[PDB]
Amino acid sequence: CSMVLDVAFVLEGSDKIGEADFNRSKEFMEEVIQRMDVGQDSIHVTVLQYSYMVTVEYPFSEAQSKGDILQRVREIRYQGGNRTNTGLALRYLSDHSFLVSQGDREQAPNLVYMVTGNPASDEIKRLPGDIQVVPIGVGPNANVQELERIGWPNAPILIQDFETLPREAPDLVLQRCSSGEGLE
């Protein structure tokens, strides 16, 4: 995927995810960022981790070089929160992450890859259409219909488990990134 795109990665870092699976989410995300043409004139990356609260791990406003992002990604500490505050994470995207004041490029399309393995603990609202969310529902505990609603028009990328996530999802994520749509 090589394009002007403001990509958000939203990783659930809840206790229900656990550090191991979150590290797999990180590794998936790293792989995606690695595959993506991340650069100042191309793909911009914001990284959010959420559980109880949302951490902007990397805002769009910070240096948009693959190296800087990937290194901050490696530095992302699993928060292990007791909630899956997906709605809050989504609100961060709409009301923070994708604000021009936070480094969002107004003319760049907005794409969110939200890795979640659990139902939202909180109220979820489908984001304004200008923020495209591709929910990555990982594991059997993903609330798929919730993800479908959050995701619309994007079909959730359903991954059987977090072990498979870094293996299978990057391809799907980058396909989605490049084409603007999910497969079939």
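A residue's number is simply how far along the shown sequence it sits, counting from 1.
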item	value
Mean C-alpha temperature factor, higher of 84-92 and 67-75	67-75
96-104 versus 109-117 - greater average Cα B-factor per the deposited record	96-104
Residue of maximum C-alpha B factor among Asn154, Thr55, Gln40, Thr46, per deposited coordinates	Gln40
Third of the chain, ranked by Cα B-factor, where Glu123 sits	highest
Within-chain third of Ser61 by Cα B-factor, per the entry	highest
Entry-reported Cα temperature factor of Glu12, expressed as the chain third it lands in	lowest
B-factor third for the C-alpha atom of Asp130 within its chain	highest
Third of the chain, ranked by Cα B-factor, where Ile33 sits	middle
